[PDB]
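J.: One structure follows; several queries about it will come next.
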Amino acid sequence: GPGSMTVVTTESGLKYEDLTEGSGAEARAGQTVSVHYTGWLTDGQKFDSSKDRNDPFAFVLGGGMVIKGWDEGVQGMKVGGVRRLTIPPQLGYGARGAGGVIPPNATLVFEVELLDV
Ligand SMILES: CCOC(=O)CN1C(=O)CC(C[C@@H](O)[C@@H]2C[C@@H](C)C[C@H](C)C2=O)CC1=O
Numbered sequence: 215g216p217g218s219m220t221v222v223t224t225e226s227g228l229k230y231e232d233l234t235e236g237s238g239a240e241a242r243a244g245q246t247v248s249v250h251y252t253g254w255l256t257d258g259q260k261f262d263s264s265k266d267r268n269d270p271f272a273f274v275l276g277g278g279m280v281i282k283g284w285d286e287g288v289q290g291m292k293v294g295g296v297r298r299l300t301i302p303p304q305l306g307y308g309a310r311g312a313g314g315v316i317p318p319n320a321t322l323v324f325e326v327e328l329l330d331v
């Protein structure tokens, strides 16, 4: 809902929030791993789920085709670890906009869930 949220923010702008423990291994730029991304909005509503295809997102870290927020999240999460990361416009979409209800200062959060490396 509209208002605030208990999420820790970084100096870059992106935020993070523990959702589920893991105790595996933090991904590293250059290595390929499989993770799950859940498109979440500021209100909390989801507008994108990997479930559509039913399969873990496997790709190479620090050398793929994602936004800063994504790389920053994938280069931090650990195998078996699940946590939500707030990806701002300055590190994702930007002030370019992507819709009427999507302002140039709008922020989007995505849930990262490491499956394996
Ligand atoms: C730079 C993107 O980075 C990636 O390469 C991976 N990525 C996308 O391609 C778009 C995703 C979100 C989309 O589903 C929305 C859907 C509506 C809101 C229209 C808008 C233009 C979109 O595209 C977020 C994402 O992480």
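In our numbering, the protein residues as written are 215 to 331. For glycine and all other residues, C-beta sits at the position ideal for the given N, C-alpha and C.
Would you mind reading off the limits of the alpha helix (DSSP H) that contains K260?
T.: By 1-based counting over the sequence shown, the position of residue 260 is 46. Per DSSP, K260 belongs to no alpha helix (DSSP H); it is in the beta strand (DSSP E), 260 to 263.
J.: Any residue with its C-beta under 6 Å from a non-hydrogen atom of ligand 1 counts. Can you list them all in chain order?
T.: Taken from the N-terminal end onward, the list reads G253, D262, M279, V280, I281, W284, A312, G313.
J.: Just to confirm before moving on: does the CB-CB distance between residue 332 and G215 stay below 8 Å?
T.: No statement about residue 332 is possible, as the shown extent of the chain runs from 215 to 331 and does not include it.
J.: For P317, count neighbouring Cβ atoms within 10 angstroms of its own Cβ and tell me buried if that reaches 16, exposed if not.
T.: Position 103 of the sequence shown, counted from the first residue, corresponds to residue 317. Classification of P317: exposed, given that the 10 Å Cβ count is below 16.
J.: Please classify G253: does DSSP put it in a helix, a strand, or coil?
T.: Residue 253 sits at position 39 when you count from the first residue of the sequence shown. Three-state result, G253: strand.
J.: Taking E286 as part of the alpha helix (DSSP H), name the residues at either end of that continuous run.
T.: For the purposes of this step, residue 286 is taken as the residue at position 72 of the sequence shown. Unbroken alpha helix (DSSP H) run through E286: 282 to 288.
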